[PDB]
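Enquirer: just the starting chains for now, same placement as in the complex:
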Amino acid sequence: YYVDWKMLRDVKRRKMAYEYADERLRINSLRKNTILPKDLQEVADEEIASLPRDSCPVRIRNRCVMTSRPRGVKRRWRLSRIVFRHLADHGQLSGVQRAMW
Amino acid sequence: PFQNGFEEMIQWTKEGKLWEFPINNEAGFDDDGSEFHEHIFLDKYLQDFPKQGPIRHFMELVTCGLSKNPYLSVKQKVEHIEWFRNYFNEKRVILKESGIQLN
Amino acid sequence: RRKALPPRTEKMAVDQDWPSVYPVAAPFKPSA
Amino acid sequence: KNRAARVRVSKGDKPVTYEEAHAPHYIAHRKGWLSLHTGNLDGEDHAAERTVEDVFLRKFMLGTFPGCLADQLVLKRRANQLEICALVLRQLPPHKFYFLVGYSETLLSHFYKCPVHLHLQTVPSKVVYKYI
Amino acid sequence: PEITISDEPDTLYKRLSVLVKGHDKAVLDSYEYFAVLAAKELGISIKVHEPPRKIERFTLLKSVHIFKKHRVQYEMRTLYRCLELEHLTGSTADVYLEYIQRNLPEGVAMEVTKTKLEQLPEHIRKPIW
């Protein structure tokens, strides 16, 4: 079990987004070009609009991997602030010390 | 049985479980036995295409893109190009209709 | 049935060469 | 009042491990780090993986070795191999201890796809740093 | 132990630059000692220095719910030692570095740069097209 249903949803959006990556890339290339004819670009427009939009990149949300919390995650540890702190304060996180200066 | 720790590590490494030393981070990845001119120089795959058209503009761009791309094998770079051949060749109609004659 | 065996430090020869004892990367056993 | 990873003052009779008696602000001053790996240094990658990994090995060792675990479990990562040190209390008859040694090493090695090394240091009773 | 000798003219290194990143300054001190003592025995002619320490700090909230007046801050320090070796052979480097890396402690990382000596490529020597 992933910890939440929200997680299942986003796991799947990751798998989707890896699936169609190159269709996206390829099609969008024409679409982003000023050298090509506009005519090509309209059809291609309809084409990326075609492919399932649960497979689009921006629809992805980094979460805390243990705790699932949608905000507060620190990119490097893929952890929520609460969980991160929790670990770092038993000393279980290497090289992280409470900062004084 | 293991007579010593050195013995241990030794058997691990012959086995492939330990790493080789000193480390080269490319160990275990041969990249198909390809060489630099099979990445950088993409003339091979542009042979079928209109040579004076904006199609050349575009595909010279894609060329430059895939020439600079470390994260892909030769087989994938190829696949991109062939996908563009297939794509442009699939729409002859739109090529003709935009004010340029395209092959 | 409870087992207490004295540490290797008890049988240790005062001049015994060290790298014999600790050849490679080790956890630091307090016993040995 | 900071409640973080702290152990409250009792009527004064409560036994305390050296680690659990030294509060979060003390890390790197008196207390050390429970884990070691490259991942948090300036130029380094995959810190997250070693964190998930670490967490799972905490839970795993707590569950494979019931009631016999002494103090929090000390992980080291060296050149792709894990060195897992444990302070373990003496409860089990030694056969069972070696059963679980082999069991753990094998199982983990095949899970994390890297060679694991296990070390048990056995202790008569939980070390008491304070009170008691 | 098995040694072989192949006819081919082994690689020269002008300068072998070895950086060790770490957390604890102690570990990097003792490791310097070890590296210098290994190098002194292998006739390697080395120097060592201490590059400026990096300290990366960042900030989290101090509570679960809401007091944003209240934060905690955390640090990671990254300390450096660099062993700069001069005039090494190919094999010399391979062995010395093998001995170094094998004994690398768990808290530290190592970043190697070799500067290799090659005379001139073949098509450039003195042909002109």
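Expert: Done, it's in. Residues are numbered from 1 along each chain as shown, chains lettered A, B, ... in the order given.
Enquirer: so who does residue 61 touch?
Expert: Unless you meant another one, I'm taking chain A. Residue A:61 makes contact with A:10, A:70 under the criterion Cβ atoms under 8 Å, 6 or more residues apart in numbering or on different chains. From N, CA and C alone the C-beta is placed, and that goes for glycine too.
Enquirer: let's do chain E instead
Expert: A:72, A:81, E:67-68, E:70-72.
Enquirer: from chain D, how far out is the one residue in chain B that gets nearest to chain E?
Expert: Chain B approaches chain E most closely through residue B:22 (4.2 Å), counting by Cβ to the nearest Cβ. Here the criterion is Cβ to the nearest Cβ, to the nearest Å. By it, residue B:22 lies 11 Å from chain D.
Enquirer: cool, and residue A:97?
Expert: 4 Å.
Enquirer: for chain E, what lies in contact range of chain D?
Expert: Applying Cβ under 8 Å from any Cβ of the partner chain, one finds that chain E approaches chain D through E:21-23, E:54, E:56, E:76, E:78, E:101-102, E:104-109, E:111.
Enquirer: all helices of the chain, in order?
Expert: By default, I'm working from chain A. Assigned by DSSP state H, the helices in chain A fall at A:5-19, A:21-31, A:38-50, A:81-88.
Enquirer: think we crossed wires, I meant chain C
Expert: Going by DSSP H, chain C shows helices at C:18-21.
Enquirer: quick one, phi psi at residue E:77?
Expert: Dihedral pair for residue E:77: phi -100, psi 140, per degrees, to the nearest 10.
Enquirer: let me know the secondary structure of the closest residue to it other than its chain neighbours.
Expert: Once flanking residues are discounted, residue E:77 sits nearest to residue E:55: 5.1 Å by Cβ to Cβ, 6 or more residues apart in numbering or on different chains. Secondary structure for residue E:55, judged by DSSP: H, G, I helix; E, B strand; the rest coil, is strand.
Enquirer: who are the contact partners of residue E:55?
Expert: Contacts for residue E:55 (Cβ under 8 Å, 6+ apart) come out as A:101, E:75-78.
Enquirer: which strand or helix spans the residue of chain D found nearest chain C?
Expert: Here chain D gets closest to chain C at one residue, residue D:119, 4.5 Å apart by Cβ to the nearest Cβ. Here residue D:119 is covered by strand D:116-123, with elements defined by DSSP states H and E.
Enquirer: let's put chain F on the structure above:
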Amino acid sequence: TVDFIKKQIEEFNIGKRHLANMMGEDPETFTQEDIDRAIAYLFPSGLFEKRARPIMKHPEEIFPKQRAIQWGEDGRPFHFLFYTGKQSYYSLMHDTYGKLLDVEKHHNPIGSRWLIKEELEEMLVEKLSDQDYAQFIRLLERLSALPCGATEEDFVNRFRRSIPXXXXXXXXXXXXXXXXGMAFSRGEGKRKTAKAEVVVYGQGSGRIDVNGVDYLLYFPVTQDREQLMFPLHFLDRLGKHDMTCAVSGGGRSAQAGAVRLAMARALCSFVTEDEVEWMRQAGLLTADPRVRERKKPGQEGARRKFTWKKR
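Expert: Okay, chain F now, added to the rest:
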């Protein structure tokens, strides 16, 4: 607890040998100095608190002193003051007072201080009270107050300590350059993100060069040039000396001040030993401890706070 001290000192020596033989030194001339280096290299703990770093030491420095057995196996106590609960203190007191009495029948600023309270507490292996300490020291003043015999002086010497005091601005010997055969002095000031180095040549045209350009051009702010003028106008040397300068970090005033410090430092080779104490009391050679204060989180300016609301 004494059995522990016997055992521990034995094992300490056995482990001492064991240390020398692995570390590969002669077990004879092995010192604590060597012990430290040894462990420090074997168990390298980066840790800030230095007591929590690994130690192998003679148990006497490790363990606290103990109060010895205070009574025979009959129950009967050795010292007659035992029932005072502080014998250690009141023995010193009885003796001190006795010394005094004998002195009265007989009689018909070196940097020396009395012990701290902690040092008398160490000397008697006894917890003390402030009042008690004070009482005693008071008594030692009474002792010093009279004619001082030989054993009298020894007695008070037990409770004597001596302290160092050192004040001089450290004087660099000059340096005569080989090229012109001329003497120079090279100073380094540091102020507030800005370090400067100033080489001062003893025979000048008045020339002052900064980072390869002239000082007027590098300090268009008049104030700065005044700051620069300070040491030289102080020592009346204004035209006499020729300075080369390299400064980096921070903004203009910080720079001018760094040059102030560096210069005033490089100017004490060419000055008299007396003018030095003047430059100190002018405050020229003392660094500026003043620096930016870190913002604090949940605040504004390290001091400035977010506007506070009563309602």
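Enquirer: take the contacts of residue E:61 again, chain F included.
Expert: By Cβ under 8 Å, 6+ apart, the contact set of residue E:61 is A:72, A:81, E:67-68, E:70-72.
Enquirer: need those residues in TSV with distance to chain B, neighbour count and secondary structure, can you?
Expert: Supplementary listing: the contacts of residue E:61 in TSV, determined by distance: Cβ to the nearest Cβ, whole Å; neighbours: other Cβ atoms under 10 Å in any protein chain shown; DSSP: H, G, I helix; E, B strand; the rest coil:
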residue	distance to chain B	neighbour count	secondary structure
A:72	31	16	coil
A:81	32	20	helix
E:67	44	11	coil
E:68	41	11	coil
E:70	43	11	coil
E:71	38	14	strand
E:72	36	21	strand
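Enquirer: can I get those in CSV including distance to residue A:51?
Expert: Shown next, in CSV, are the contacts of residue E:61 (distance: Cβ to Cβ, whole Å):
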residue, distance to residue A:51
A:72, 32
A:81, 36
E:67, 45
E:68, 41
E:70, 46
E:71, 43
E:72, 44
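Enquirer: and for the spatially most central residue of chain A, nearest residue in space, chain neighbours not counted?
Expert: The centre of chain A sits closest to residue A:60, judged by Cα atoms, centre = their mean, with a distance of 3.7 Å. Distance criterion Cβ to Cβ, 6+ apart; nearest residue to residue A:60, sequence neighbours excluded, is residue A:13 at 5.4 Å.
Enquirer: wait, doesn't that neighbour sit right on residue A:52?
Expert: No: under the criterion of Cβ atoms under 8 Å, residue A:13 makes no contact with residue A:52, lying 10.2 Å away.
Enquirer: which one's more surrounded, those two?
Expert: Using other Cβ atoms under 10 Å in any protein chain shown, the more surrounded residue of residue A:13 and residue A:52 is residue A:13, with 17 against 9.
Enquirer: any idea how far chain F is from that one?
Expert: Residue A:13 is 35 Å from chain F, by Cβ to the nearest Cβ.
Enquirer: can you pull the contacts of that residue?
Expert: By Cβ under 8 Å, 6+ apart, the neighbours of residue A:13 are A:54-55, A:59-60.
Enquirer: 6 Å - rerun?
Expert: Listed by Cβ atoms under 6 Å, 6 or more residues apart in numbering or on different chains, the contact partners of residue A:13 are A:54, A:59-60.
Enquirer: just to revisit the earlier point, next one: the residue nearest to residue A:60 from residue F:49, what distance?
Expert: 48 Å (Cβ to Cβ, to the nearest Å).
Enquirer: let's add RNA strand G too:
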RNA sequence: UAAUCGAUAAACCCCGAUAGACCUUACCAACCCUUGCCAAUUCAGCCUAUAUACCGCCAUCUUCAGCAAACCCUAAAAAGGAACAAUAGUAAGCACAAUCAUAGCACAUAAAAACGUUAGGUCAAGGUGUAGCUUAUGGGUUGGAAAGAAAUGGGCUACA
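Expert: Same chains as before, plus RNA strand G:
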């Protein structure tokens, strides 16, 4: 408005968010699916009701000096227990202090700051006791929200 929740004297009000176009999302509107993530389970799954059942993390008095076992005394003890030319107090522990960090001093700042107090904050970080939901308070797809008569908190930019 068909259309979230939580905070809301000092100790809310650029607050959970170091962050909502879809997503996030918990909301409303329609449609749909019923061992419906997992190795097995008359079992799953629930941002549903309890923060006045809680653990976690914190706020607050607070840069406040006290808290507390083990004892000892008081022509009785609810409780109290010091005077230093000392009159019944001794006591390890936790606080403060001390040391650490801000790369040498020093000061400064940072940190720390017990016991309790406010049934202070949070069952929407996560986890749980008690209760409820189970062809639905569960799970999905598609759209839709976040309009200003004002009233006010904090900011930014000005008035030269």
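Enquirer: the contacts of residue E:61 again please, RNA strand G included this time.
Expert: residue E:71.
Enquirer: number of nearby residues for residue 83?
Expert: I'll assume chain A. So residue A:83, with other Cβ under 10 Å, has 22 neighbours.
Enquirer: that's the other chain; I wanted chain E
Expert: 24.
Enquirer: that one: which element?
Expert: Short version, using DSSP H and E: residue E:83 is in strand E:71-89.
Enquirer: name every strand pairing with that strand and say which way it goes.
Expert: Applying DSSP bridges to the sheet, strand E:71-89 is found paired with strand A:97-98 (antiparallel), strand E:12-22 (antiparallel), strand E:46-49 (antiparallel), strand E:54-61 (antiparallel).
Enquirer: return the distance of it from the chain's centre.
Expert: 9 Å (Cα atoms, centre = their mean, to the nearest Å).
Enquirer: pull the CA atoms of whatever helix or strand comes next after it into PDB?
Expert: Remark: after strand E:71-89, the chain's next helix or strand is helix E:90-102, criterion DSSP H and E. Output of helix E:90-102 as PDB, limited to C-alpha atoms (Å, rounded to 0.1, in the frame of the first residue of the first chain):
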ATOM      1  CA  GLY E  90      50.400   5.200 -14.900                       C
ATOM      2  CA  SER E  91      50.800   2.100 -12.800                       C
ATOM      3  CA  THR E  92      52.100   4.200  -9.800                       C
ATOM      4  CA  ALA E  93      48.900   6.100  -9.900                       C
ATOM      5  CA  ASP E  94      46.700   3.000 -10.300                       C
ATOM      6  CA  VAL E  95      48.200   1.300  -7.300                       C
ATOM      7  CA  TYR E  96      48.500   4.300  -5.000                       C
ATOM      8  CA  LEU E  97      45.000   5.400  -5.700                       C
ATOM      9  CA  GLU E  98      43.700   1.800  -5.400                       C
ATOM     10  CA  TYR E  99      45.300   1.800  -1.800                       C
ATOM     11  CA  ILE E 100      43.800   5.200  -1.100                       C
ATOM     12  CA  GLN E 101      40.200   4.500  -2.300                       C
ATOM     13  CA  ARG E 102      40.000   0.900  -0.800                       C
END
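Enquirer: and helix E:90-102 with strand E:12-22, angle?
Expert: Angle of helix E:90-102 versus strand E:12-22, following axes from the mean of the first three to the mean of the last three Cα atoms, to 10 degrees, is 10 degrees.
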